[PDB]
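Notes follow once the structure below has been shown.
Along the sequence shown, the residues carry numbers beginning at 1. Both counts, for ligands and for their atoms, begin at 1 and track the order of listing.
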Amino acid sequence: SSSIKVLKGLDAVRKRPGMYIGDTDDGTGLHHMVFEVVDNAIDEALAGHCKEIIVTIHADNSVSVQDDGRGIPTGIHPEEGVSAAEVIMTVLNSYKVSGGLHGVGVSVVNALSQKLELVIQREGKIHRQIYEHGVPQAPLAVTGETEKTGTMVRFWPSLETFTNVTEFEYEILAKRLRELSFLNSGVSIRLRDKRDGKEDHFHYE
Ligand SMILES: CCNC(=O)Nc1cc2c(-c3ccnc(C)c3)ccc(C)c2cn1
């Protein structure tokens, strides 16, 4: 079954996290977690659907990334038997430095997070799914109605994976988010730190 195979993938990531996300002891991997989530919101911006991305560092050391795009698709594709979103989130770099890392997908971020929450606003409805190291708590479900559209991912990195540098560095995220808004001109990126009230808005016209 997909369940056993999904778990086998998630377990591969957790056993050699460095290989997938980058170094787990110097902050490379930790901050790369944010950038992987951001990258898919950037693709949605570049295709002309999302105008703003908001990255928030919370006081409990989680990070959320939200966009105003179309929302990750929610329907169940006949081949997989669960939402397309859950497939994206769950189905599947050691010595790389900073911008030399290659992209590995948000299912890696999910595997290496103690908790992750996905909230999709799409087709008139608010949809929610929660994960613990990639394992959904329940099927993606409808929790309300909305005229808005977009996707939000919030994740709590696992301290079973990350050591030494365990708390996000505002300056690392600021530097790279600014570079990303330069490298993908037109897209507005905001960074908010709830620990100390700092905010920035990066946008090149
Ligand atoms: C907070 C992070 N934002 C998104 O992931 N936005 C996003 C992703 C989409 C993906 C997607 C998500 C993750 N990985 C991949 C490869 C695609 C597929 C299709 C649509 C319409 C999306 C819309 N918004």
Side-chain angles (χ1 to χ4, degrees), residues 2 6 9-10 13 20-22 30-50 52-58 61-76 78 80 82-93 101-113 115-131 133-134 136 139-140 142-143 146 149-157 168 173 176-177 179-181 183-184 186-194 200-203:
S2 324
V6 165
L10 301 171
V13 177
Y20 292 92
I21 200 67
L30 181 66
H31 298 266
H32 194 226
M33 298 272 276
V34 178
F35 308 139
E36 290 286 350
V37 180
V38 171
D39 281 343
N40 304 118
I42 286 184
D43 286 339
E44 185 66 0
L46 283 175
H49 303 300
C50 157
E52 190 169 84
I53 296 161
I54 306 181
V55 174
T56 305
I57 308 163
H58 301 266
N61 201 234
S62 66
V63 171
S64 62
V65 180
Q66 59 183 105
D67 73 50
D68 63 354
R70 287 170 298 183
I72 298 184
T74 59
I76 298 103
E80 293 88 63
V82 299
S83 56
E86 171 182 339
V87 181
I88 283 165
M89 296 305 305
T90 65
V91 172
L92 281 193
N93 274 339
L101 297 156
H102 209 196
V104 291
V106 64
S107 68
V108 170
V109 174
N110 205 8
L112 299 184
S113 290
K115 186 162 108 95
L116 186 149
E117 176 163 3
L118 172 69
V119 177
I120 296 156
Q121 297 166 79
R122 185 173 172 110
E123 284 159 36
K125 300 181 171 195
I126 304 163
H127 314 252
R128 185 214 299 162
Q129 194 164 41
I130 305 306
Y131 317 79
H133 296 288
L140 186 68
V142 172
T143 68
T146 176
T149 57
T151 305
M152 190 282 296
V153 171
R154 184 173 172 176
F155 70 91
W156 287 257
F168 300 96
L173 294 188
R176 184 55 179 163
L177 296 166
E179 293 173 352
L180 285 169
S181 82
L183 293 173
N184 307 102
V187 75
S188 163
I189 304 186
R190 296 179 178 277
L191 176 64
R192 295 171 173 166
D193 195 334
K194 301 298 214 179
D200 277 293
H201 176 206
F202 311 119
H203 72 277

Original post:
Taking the side chain as C-beta and beyond, is there a heavy-atom pair between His32 and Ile21 under 4.5 Å?
Top reply: yes
Original post:
Distance only, no hydrogens: is a donor on one side chain within 3.5 Å (strictly under) of an acceptor on the other, for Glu117 and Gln129?
Top reply: no
Subject >> With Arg154, the side chain to side chain donor-acceptor pair (under 3.5 Å) member among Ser62, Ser113, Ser64 >> reply: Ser62
**OP:** Could you tell me the residue and atom name of the protein heavy atom closest to atom 9 (C) of ligand 1, and the distance to it rounded to 0.1 Å?
**Re:** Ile72 CG1, 3.7 Å
Subject >> Top protein contact for atom 16 (C) of ligand 1, by heavy-atom distance >> reply: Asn40 ND2, 3.9 Å
Original post:
Short list, please: which atoms of ligand 1 are under 4.0 Å from a heavy atom of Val65?
Top reply: 1 (C)
Original post:
Is the shortest distance from a heavy atom of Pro73 to ligand 1 less than 4.0 Å?
Top reply: yes
Original post:
Using a distance-only test with no angle check, is there a side-chain donor-acceptor pair under 3.5 angstrom linking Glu52 and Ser188?
Top reply: yes
Original post:
Which residue owns the protein heavy atom closest to atom 3 (N) of ligand 1, what's the atom, and how far is it?
Top reply: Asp67 OD2, 2.8 Å
**OP:** Under 4.0 Å from a heavy atom of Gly71: give me the atoms of ligand 1 that qualify, with their elements.
**Re:** 21 (C), 23 (C)
Subject >> Check: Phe202 and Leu180 side chains under 4.5 Å, non-hydrogen atoms >> reply: no
Original post:
Would you say the side chain of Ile54 lies within less than 4.5 Å of the side chain of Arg192, judging by non-hydrogen atoms?
Top reply: yes
Subject >> Which residue and heavy atom of the protein sit nearest atom 2 (C) of ligand 1, plus the separation >> reply: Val37 O, 3.7 Å
**OP:** Mark up the atoms of ligand 1 that fall under 4.0 Å of a heavy atom belonging to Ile88, in ascending order.
**Re:** 12 (C), 13 (C), 14 (N)
